[PDB]
């Protein structure tokens, strides 16, 4: 069960620096409805490079054994697309010093997994956070079949980290929010977010209920 199964009608979708081909907000609305019908729920945005986007959508979300041992390892997403937007690019530059813009993805999880999503009131960089999160999830870090949401730093927007096992149960489709080839390293323009996407982007109640501290 990968995002490729949930793209709806229309042509073949592909990721490009000039936007996701054959993807529109109207198509997203159909896809979203298909995912909801099958029991999935939207949990946030994931920004990544083009090739990674393609892998995630058509091959599925899989851990790639990166930063093993790091207690905060997992699949990073954000309810606010602006936070994800910053990571939507190639990591390493081209042969000629060009870093291409990436893509914004929408991440869906089976509804029955929602009880494993937790929120902290602490910032995740605070030295106390690891221990507070371990108390929420009931086991030592790293995250497993569970997720944590909290601020990245004080005042920061809130990131959600899915444990890799839980992330393997997600399905991911493209967002209709574009990235800008001129605005690599930059901030998302709020006005490029389609209103009709916003309307289907509410998060579950763990994300707004007071964080645990």
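Positions refer to the first chain, counted from 1.
Looking at 147-155 and 34-42 together, the entry lists the larger mean B-factor for 147-155, computed on C-alpha atoms.
Remark: stretch with higher mean C-alpha B factor among 165-173 and 178-186 is 178-186. Out of 115, 74, 86, 79, the entry records its largest CA B-factor for 86. Set against one another, the Cα B-factors of 133, 107, 100, 103 in the record reach their highest point at 100.
Placement of the Cα temperature factor of residue 211 within the chain: highest third of the modelled residues, per the deposited record. When the modelled residues of the chain are ordered by their C-alpha B factor, residue 57 lands in the lowest third.
Among all modelled residues in this chain, the alpha-carbon of residue 3 has a temperature factor (C-alpha) in the lowest third. Ranked against the other modelled residues of its chain, the C-alpha B-factor of residue 24 as given in the entry falls in the lowest third.
Remark: residue 16 belongs to the middle third of its chain, ranked by C-alpha B-factor as recorded.
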